[PDB]
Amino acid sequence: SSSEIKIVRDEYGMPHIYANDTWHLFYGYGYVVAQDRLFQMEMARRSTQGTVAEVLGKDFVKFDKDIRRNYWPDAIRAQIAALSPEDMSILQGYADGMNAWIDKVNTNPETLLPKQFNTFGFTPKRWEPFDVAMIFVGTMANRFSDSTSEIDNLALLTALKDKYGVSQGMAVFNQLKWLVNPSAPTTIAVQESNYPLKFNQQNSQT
């Protein structure tokens, strides 16, 4: 039936979901995730939205402030609102599935509540598409693709230009923090192709 979700776990506990439409598929996914890693996901949720202090206290206030200061929630929400029905079904299905399990958990905690919730003194709550989206956003994006040290870089360059003079300073900066190095081993061989762009390495923006 269109409303059937089969969950088969293999000999290592790995779940395989079987479903007809999108929402049902990711509902199954969220269901099993809630089953296997509920505490992990709850804390990951708090990590990515900066609500760790709410349960762990004062030592995480700075961590929380830093998280919220590194993204714009409304922008994430607007992206979700613009999603087509099919894509939304993914995040909505995943959320709903987690909620189905969470509901069973908060109904029979004496047997279903992961011990950590008891240990850390709280209980799990419902998830919305935003929450699911933010797990990915908060880890993959705001953390693994959000690297820069340009301010420190300029400090270094400045210090180098003061030490070695303007021309030699710039040149030393291009010695310690080169833009490109042609001897760098590349995943793609030179016979195949090269990157066409040439970039300024004189900080001409000043």
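Don't overthink the numbering: it's just position in the shown sequence, from 1.
- Would you determine, from the values in the PDB entry, which of 76 to 84 and 105 to 113 has the greater average C-alpha temperature factor? In the deposited entry, the stretch with the higher C-alpha B-factor mean is 105 to 113.
- As stated in the PDB record, which stretch has the larger average Cα B-factor, 135 to 143 or 39 to 47? That would be 135 to 143.
- Item | For residue 178, the third of its chain into which the C-alpha B factor falls | Its C-alpha B-factor, which the entry lists for residue 178, ranks in the middle third among residues of this chain.
- Query: Hey, what third does residue 165 fall into on Cα B-factor, ranked over its chain?
  - Reply: Highest third, going by the recorded CA B-factors of the chain.
- Message: Considering every modelled residue of the chain and its Cα B-factor in the PDB entry, is residue 67 in the lowest, middle or highest third?
- Response: According to the entry, residue 67 has a C-alpha B-factor in the chain's middle third.
- Item | Record-listed C-alpha B factor of residue 59: chain third | Tercile = highest for this residue's CA B-factor.
- Within-chain third of residue 155 by Cα B-factor, per the entry: Its C-alpha B-factor, which the entry lists for residue 155, ranks in the lowest third among residues of this chain.
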